[PDB]
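Same order as they appear, the protein sequences are chains A, B, E and F.
Using the deposited numbering, read the first sequence as starting at 1 and increasing by one per residue.
Using the deposited numbering, the letters of the second sequence correspond one by one to residues 1 to 42, 45 to 277, 282 to 360, 369 to 438.
Using the deposited numbering, the letters of the third sequence correspond one by one to residues 6 to 28, 44 to 82.
Using the deposited numbering, the letters of the fourth sequence correspond one by one to residues 1 to 88, 91 to 102, 125 to 136, 144 to 151, 162 to 173, 180 to 231, 235 to 250, 252 to 362, 373 to 378.
The beta-carbon is built from N, C-alpha and C at its ideal position, and this holds for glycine as well.
Heads up, the thing below is written out as structure tokens.
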Amino acid sequence: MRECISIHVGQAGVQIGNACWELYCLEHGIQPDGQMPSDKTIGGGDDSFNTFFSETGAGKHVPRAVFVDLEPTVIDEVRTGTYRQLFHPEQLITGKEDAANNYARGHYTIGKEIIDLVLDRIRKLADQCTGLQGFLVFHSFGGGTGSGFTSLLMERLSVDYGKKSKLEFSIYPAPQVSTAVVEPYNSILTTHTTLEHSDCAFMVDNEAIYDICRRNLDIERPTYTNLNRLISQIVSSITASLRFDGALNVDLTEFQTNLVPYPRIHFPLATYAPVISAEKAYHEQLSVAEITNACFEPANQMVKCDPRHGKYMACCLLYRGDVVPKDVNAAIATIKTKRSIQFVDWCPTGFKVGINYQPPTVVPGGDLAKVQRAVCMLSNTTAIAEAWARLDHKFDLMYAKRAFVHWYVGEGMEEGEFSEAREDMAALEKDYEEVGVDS
Amino acid sequence: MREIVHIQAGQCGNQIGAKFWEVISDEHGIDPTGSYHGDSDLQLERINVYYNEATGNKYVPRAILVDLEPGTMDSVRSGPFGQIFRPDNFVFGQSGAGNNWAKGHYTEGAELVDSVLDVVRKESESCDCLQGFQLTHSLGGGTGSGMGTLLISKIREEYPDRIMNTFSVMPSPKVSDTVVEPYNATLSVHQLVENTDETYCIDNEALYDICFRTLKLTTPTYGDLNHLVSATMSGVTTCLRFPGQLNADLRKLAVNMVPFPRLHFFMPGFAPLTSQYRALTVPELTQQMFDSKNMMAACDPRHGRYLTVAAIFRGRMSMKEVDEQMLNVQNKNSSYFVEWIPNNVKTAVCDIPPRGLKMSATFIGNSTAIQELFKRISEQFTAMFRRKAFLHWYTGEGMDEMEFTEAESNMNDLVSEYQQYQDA
Amino acid sequence: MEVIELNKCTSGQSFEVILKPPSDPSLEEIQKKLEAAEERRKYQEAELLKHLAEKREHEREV
Amino acid sequence: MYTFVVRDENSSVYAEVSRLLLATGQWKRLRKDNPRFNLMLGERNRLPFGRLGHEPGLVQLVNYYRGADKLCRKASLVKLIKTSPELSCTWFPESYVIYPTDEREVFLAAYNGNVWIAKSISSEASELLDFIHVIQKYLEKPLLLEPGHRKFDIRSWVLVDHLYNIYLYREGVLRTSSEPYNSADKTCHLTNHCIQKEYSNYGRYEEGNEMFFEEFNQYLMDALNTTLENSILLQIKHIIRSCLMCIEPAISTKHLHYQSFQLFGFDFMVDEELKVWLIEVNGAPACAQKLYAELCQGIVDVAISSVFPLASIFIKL
Ligand SMILES: Nc1nc2c(ncn2[C@@H]2O[C@H](COP(=O)(O)OP(=O)(O)OP(=O)(O)O)[C@@H](O)[C@H]2O)c(=O)[nH]1
Ligand SMILES: Nc1ncnc2c1ncn2[C@@H]1O[C@H](COP(=O)(O)OP(=O)(O)CP(=O)(O)O)[C@@H](O)[C@H]1O
Ligand SMILES: COc1ccc([C@H]2[C@H](CO)C(=O)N2c2cc(OC)c(OC)c(OC)c2)cc1O
Ligand SMILES: Nc1nc2c(ncn2[C@@H]2O[C@H](COP(=O)(O)OP(=O)(O)O)[C@@H](O)[C@H]2O)c(=O)[nH]1
Ligand SMILES: [Ca+2]
Ligand SMILES: [Ca+2]
Ligand SMILES: [Mg+2]
Ligand SMILES: [Mg+2]
Ligand SMILES: [Mg+2]
């Protein structure tokens with residue numbers, strides 16, 4: 001058995017961390033006080049859940065997480081929340097003052113002075129690992145910490161663990177639930193710096209989730225709680241393979257292998273269904289074939305884009321619940337005809353599937369209704385380059401007047417890191433075109 | 001804790017500062033004796051931003067009261083919450099400053115500043131994570147204008163990585179003490195362009211008009227004008243004194259409001275104009295707030311474009327209907343926003359309304383129509399300086415005509431910079 | 006439409022379904053940049069304190 | 001009141017759709033690059049579809065269909081009919099795709144008499170292949192108009208709204224070479243305003260070379276004992292339906308974050324046996340002169356105001 005260390009950076013990474021680790025506890029039956037009755041090997045084991053949890057002699061199951069935030073306010077709520085007894089006080093790391101929505105202030109200025117402590121706190125986890133696989137890093141594109149400190153951490157992690165896999169869950173920035181006009185700046189900047197250090201990055205567009213919460217849970221003003229509890233389900237589907245008995249996606253290297261042929265193109269589009277309101281009185285439970293068709297509607301993607309207009313390089317289907325393969329290859333067979341699904345010529349048109357028979361867990365009292373079957377599709381499609389185009393235009397509008405640049409330079413950055421980072425994104429946009437369209 | 005140090009300098013600075021503490025102390029439950037008698041802990047959650055704790059667990063404003071004559075300060079002390087203030091934090095001299103910038107900045111002011119910075123220093127060192135400083139002052143007199151900007155230069159020297167924010171009242175012929183007001187204010191604006199991160203331009207012309215042809219007051223006192231300043235200052239600091247989805251602080255406000263380091267003079271706005283039991287509906291807050299008639303700075307914002315905007319609605323209202331109504335007036339008036347700063351209008355909601371209003375909206379706008387203000391002062395300035403009139407009051411305190419030409423020159427640049435972004 | 010590596014077990018199943026076939045920087049380099057930024061910060065601050073020092077000697081001359 | 005921008009300035013017909021829009025007192029125009037619009041009238045080439053439908057509180061509509069060039073670029077139009085099963091199909095000329125795919129090999133399997148045509162005309166392969180672009184058979188026996196013995200093509204305008212309702216404009220145009228028809235010498239072989247406004252007497256047997264619908268029906272009646280509906284328009288409606296129902300799943304904006312409408316120009320040939328043929332589809336068509344008012348208004352009615360309501374002349378297909 002091989003361990004995985006999760007790293008939550010900034011407000012978004014920490015609050016989504018909370019959403020995931022609560023769900024992991026509900027799924028593996030771990031109580032808020034760390035105890036796990038079903039776990040009979042006290043104080044150790046090489047089970048699948050031990051990939052994410054370590055165990056103390058007194059029987060407590062302890063996340064292999066580290067939480068980092070340049071200000072204390074948000075990790076402080078973990079420090080006192082329903083799962084205070086879950087983490088080692090040393091696992092929750094907070095600074096004095098945050099990065100004030102400034103990439104360069106999270107990377108260069110404030111970043112340089114907590115980086116050695118965080119690596120030392122991560123090291124104390126790596127040392128508890130008999131064969132560590134690598135890291136799952138959670139952060140916003142838009143925060144100053146989330147973008148700036150994370151790319152400082154992703155730099156040193158390639159240095160202190162060059163032979164370890166690094167996966168990203170990235171919150172992409174959306175106006176109708178956002179916090180700073182300069183989020184496009186921090187977005188491009190951190191993506192340029194972090195690219196070669198991440199092997200696989202799952203991008204969650206906050207506008208996608210927000211609209212999904214509006215349309216499917218009929219919530220007028222979705223909270224961060226609404227947003228994060230749904231993000232958890234998708235992260236739980238993606239990680240389930242690492243924490244549970246299975247033969248698909250069983251280590252972080254398998255995510256690179258199965259979803260990432262071209263290494264710069266490592267942003268698999270996630271789709272998820274069904275999202276069903278728990279205040280929906282009468283609800284007709286949907287079928288295997290129904291929830292697999294949903295995986296091809298834009299309105300269920302974690303990034304709004306039109307995959308009919310690019311080419312697939314890989315597709316993975318992860319079901320949770322009452323699903324059998326017969327149900328699945330039937331539904332696939334029919335969808336293959338009626339939908340535009342075009343792979344690249346040098347890739348096999350096919351699906352790797354996985355079924356965990358445990359149906360999805362929901363936070364008791366939360367807004368998601370429990371269902372008997374759900375699916376998460378992970379398709380490396382080139383239509384996700386739409387989200388780069390969008391970000392890169394917003395960056396182009398401001399940077400042509402140098403608006404707000406002075407706040408970066410003020411921290412020691414040079415205007416050149418701006419045009420270097422945007423020249424990198426212009427290449428990444430071109431790679432996607434070399435792979436997805438014909439003359 | 002991200003504490004703020006508040007400083008009020010001069011006559012206008014100490015009367016509006018005094019009203020500010022009256023207003024927000026009521027909003028925070030703190031009675032005139034410094035004791036807290038409120039009902040929610042939302045009042046106490048972020049209360050250390052502007053208050054230090056006491057021994058009797060009372061609350062004392064992190065406020066320094068500065069003047070070059072005592073006339074206003076003993077009046078503040080005798081006024082409403084006068085005894086709330088730390089008694090050592092009253093720093094003052096006796097000679098006055100004579101509505102004369104040079105006396106505040108160079109002669110009389112320099113004699114008193116070190117003692118002011120000793121209180122700054124004492125107040126600053128207690129702070130767990132001081133964000134910076136908030137100065138209230140007028141620009142047309144002598145203490146608040148001349149000494150005020152001298153304090154700002156020193157504070158920047160001692161604390162160059164803290165944020166400097168000012169509330170700065172602009173002279174106007176319509177509400178005027180002396181004719182040298184354009185001289186004093188041109189000199190201060192040069193200091194403020196260089197040494198503040200955010201300045202709120204409160205124009206005395208705007209406060210007068212609002213008071214005349216809207217609040218239907220035929221002869222408005224300074225207390226009528228300062229009532230309007232109380233309300234804007236409360237609203238412009240709501241996101242700082244109260245918890246929310248927004249973690250607003252001075253540094254984040256500047257990062258998001260100021261694309262260019264010199265263009266950091268904000269036009270504030272307010273609705274409804276108090277001086282009423284039918285609360286305003288969210289489309290009324292929105293239409294009024296953006297009306298020319300609700301700006302505290304006396305520029306028609308239809309004459310130039312908004313670089314950035316930040317608005318807060320206070321009350322219990324349809325969060326969604328705010329978003330609906332905001333995005334409406336933007337896309338009915340998109341001719342007055344810049345197309346090259348994506349998502350430059352930002353909105354917030356706060357469930358706690360201020369006293370006596372169920373629905374209110376404060377607006378902070380970084381508009382290029384604020385060049386109308388600096389043009390107005392620059393015209394009044396040149397009208398005298400071309401004949402070197404009234405200059406003797408300044409050359410008798412050490413200043414050269416040179417220092418004036420430069421301040422005239424640097425402010426006409428400011429007006430040029432603002433003009434080049436109106437067209438882009 | 007073929008099916009390969011069907012994998013059963015107690016927790017579920019996994020398999021593959023084909024529809025058609027086909028035709044790092046060092047620590048020192050980090051420390052460099054991270055310190056060439058702190059120098060740029062310190063330079064900018066020294067220029068600030070120099071312009072302020074000149075204001076003092078103007079305040080002293082007036 | 002609604003918001004629209006204009007980004008193909010020299011568009012014959014959408015210039016007039018943009019002008020009628022202002023004139024209703026309910027549509028404010030913006031600069032090209034202002035992103036807060038309800039309605040784009042986008043670029044011919046490289047319209048940025050990936051940036052549509054991402055403005056909170058903004059319903060956005062665009063006058064093009066992402067993916068509609070499958071039908072209009074004659075290269076991919078042939079590939080579409082050859083590759084798509086819904087198009088077995092015996093109303094498209096025999097066509098081959100060739101490069102300076126491609127299909128030069130089986131291009132000659134049918135060569136035992145053969146005369147063809149190509150641009151983007163000859164009877165021997167060499168004369169045209171030196172252009173080192181598609182290759183079609185030439186309609187050697189077209190229908191002729193008398194007196195004159197004239198060729199002509201048929202332009203039908205077709206509008207598809209955001210819901211994929213297919214609207215055929217009631218009014219069409221014949222565009223005839225108003226000179227007799229021969230055999231070889236290349237003037238009346240290409241009959242429009244691209245080998246007739248410069249090379250070819253420019254408006255002899257009718258007006259503007261534009262014989263409109265009412266006249267042509269009348270000719271068919273007296274000259275052939277049939278009508279334009281029976282002999283021709285049925286086959287046209289069949290071809291319009293077939294093409295657009297074919298690509299509908301590739302380009303529909305039913306469950307998309309923005310919505311598309313688009314106006315098309317189909318061009319047909321009729322032979323002497325009164326059979327109708329598709330020549331090519333035009334993604335950005337210009338209208339015939341006298342019809343602009345009726346059609347440019349019908350756009351705004353069913354494509355524009357349908358989505359953005361305010362305070373027939375088409376045939377549904
Ligand atoms: N989905 C989701 N997005 C969040 C959450 N919290 C913040 N965001 C988004 O993240 C972006 C802001 O970045 P933050 O994570 O708040 O920044 P930070 O890492 O704390 O960095 P600072 O600038 O120092 O505060 C915006 O797009 C927010 O919409 C969250 O809990 N869930
Ligand atoms: N298969 C065919 N049979 C007979 N005539 C044909 C023909 N294909 C083309 N033509 C002739 O060519 C002309 C049609 O031109 P076409 O519709 O192909 O436009 P085009 O090649 O100029 C591209 P665009 O119009 O978009 O610029 C007609 O006059 C017609 O006589
Ligand atoms: C122009 O874009 C922005 C402006 C301010 C901010 C935040 C920014 C981050 O929270 C900050 O500070 N804002 C803010 C501050 C206020 O006073 C302190 C406000 O009114 C009282 C206010 O109203 C919205 C906002 C974020 C942006 O993206
Ligand atoms: N709005 C407002 N303006 C004031 C007030 N007191 C003075 N002013 C204005 O401030 C300027 C004079 O400054 P003042 O504070 O009196 O001089 P100082 O004490 O030397 O700084 C003039 O423009 C007056 O119009 C006040 O209480 N409210
Ligand atoms: Ca165990
Ligand atoms: Ca003296
Ligand atoms: Mg934070
Ligand atoms: Mg006075
Ligand atoms: Mg034609």
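Item, Value
"Looking at chain B, is there any beta carbon in it that lies within less than 8 angstroms of the beta carbon of residue 73 of chain A?", "yes"
"What ranges does the beta strand (DSSP E) occupy inside the segment 3 to 42 of chain F, keeping only unbroken runs of at least 3 residues that lie completely in it?", "27 to 30 and 39 to 41"
"Can you tell which of B/134, B/149, B/86 and B/142 has its C-alpha closest to the C-alpha of residue 117 of chain B?", "B/149"
"Spatial neighbours of residue 111 of chain A within its chain, please: CB distance less than 7 angstroms, with the 5 preceding and 5 following residues excluded, ordered by chain position.", "148, 149 and 152"
"Could you give the C-beta distance for residue 10 of chain A and residue 192 of chain A, rounded to a whole number, given that I count them as a contact under 8 angstroms?", "The Cβ separation is near 18 angstroms, so there is no contact."
"When the Cα atoms are used, what is the spatial distance from residue 93 of chain F to residue 338 of chain A?", "25 angstroms"
"Return yes when at least one heavy atom of ligand 9 lies under 7 angstroms from the C-beta of residue 318 of chain F, else no.", "yes"
"Looking at the secondary structure, which residues open and close the beta strand (DSSP E) in which residue 25 of chain E lies?", "17 to 25"
"Thinking residue 204 of chain A and residue 231 of chain A are a contact (beta carbons under 8 angstroms), I'd like their distance in whole angstroms, please.", "6 angstroms"
"Which chain A residues sit within Cβ distance under 9 angstroms of residue 25 of chain E?", "343, 348, 349 and 350"
"Using a Cβ-Cβ cutoff of 8 angstroms, what residues of the segment 289 to 321 of chain A are near chain F? List them in chain order.", "297, 298, 299, 304, 305, 306, 308 and 309"
"Interface residues of chain B around residue 75 of chain E at Cβ under 9 angstroms?", "155 and 159"
"Listing by chain order, which chain B residues have their CB less than 7 angstroms from the CB of residue 101 of chain A?", "254, 257 and 258"
"Which class does residue 328 of chain A belong to by DSSP, given the choice of helix, strand or coil?", "helix"
"What are the partner residues of residue 169 of chain A, as DSSP defines its beta bridges?", "A/138 and A/202"
"With a threshold of 8 angstroms between beta carbons, is residue 108 of chain A in contact with chain E?", "yes"
"Residue 65 of chain E versus chain B: which residues are under 7 angstroms apart at the beta carbon?", "162"
"Do residue 332 of chain B and residue 351 of chain B come within 8 angstroms of each other at the CB atom, strictly closer than that value?", "yes"
"For residue 176 of chain A, which of helix, strand or coil comes out of DSSP?", "coil"
"Could you list which residues in chain B have their beta carbon closer than 7 angstroms to that of residue 79 of chain E, in chain order?", "108 and 112"
"Considering only heavy atoms of ligand 9, does any lie closer than 7 angstroms to the CB of residue 202 of chain F?", "yes"
"Thinking C-beta only, is residue 234 of chain B closer than 8 angstroms to residue 302 of chain B?", "yes"
"Whole beta strand (DSSP E) runs in the segment 171 to 245 of chain B with 3 or more residues, listed along the chain?", "200 to 205"
"Expressed to the nearest angstrom, what Euclidean distance is found between the alpha-carbon atoms of residue 31 of chain A and residue 83 of chain A?", "9 angstroms"
"In chain order, what are the residue ranges of uninterrupted alpha helix (DSSP H) at least 4 long that sit wholly in the segment 59 to 110 of chain A?", "73 to 80"
"Would DSSP call residue 268 of chain F helix, strand or coil?", "helix"
"Would you mind telling me which residues of chain B sit closer than 8 angstroms to residue 72 of chain E, beta carbon to beta carbon, in chain order?", "155, 158 and 159"
"Can you give me the start and stop residues for the alpha helix (DSSP H) that residue 418 of chain A sits inside?", "415 to 436"
"With a threshold of 6 angstroms on Cβ separation, who are the neighbours of residue 189 of chain B within its own chain once the five nearest residues in sequence on each side are excluded?", "103 and 421"
"Please tell me whether residue 377 of chain B and residue 270 of chain B are closer than 8 angstroms, where the distance is taken between their beta carbons.", "yes"
"Does the segment 8 to 16 of chain B touch the segment 65 to 79 of chain B, meaning 3 or more C-beta pairs lie closer than 8 angstroms?", "yes"
"Using 8 angstroms as the Cβ pair cut-off and three pairs as the minimum, do the segment 174 to 190 of chain A and the segment 155 to 162 of chain A touch?", "no"
"Whole angstroms is fine: what's the gap from residue 436 of chain B's alpha carbon to residue 260 of chain B's?", "15 angstroms"
"Relative to ligand 3, what is the chain-ordered list of residues with a Cβ closer than 5 angstroms to any of its non-hydrogen atoms?", "A/180, A/181, B/240, B/241, B/242, B/248, B/250, B/254, B/255, B/258, B/314, B/316, B/318, B/352 and B/354"
"In this structure, does DSSP put residue 120 of chain A in helix, strand or coil?", "helix"
"Looking only at DSSP bridge pairs, what is residue 139 of chain B linked to?", "B/170"
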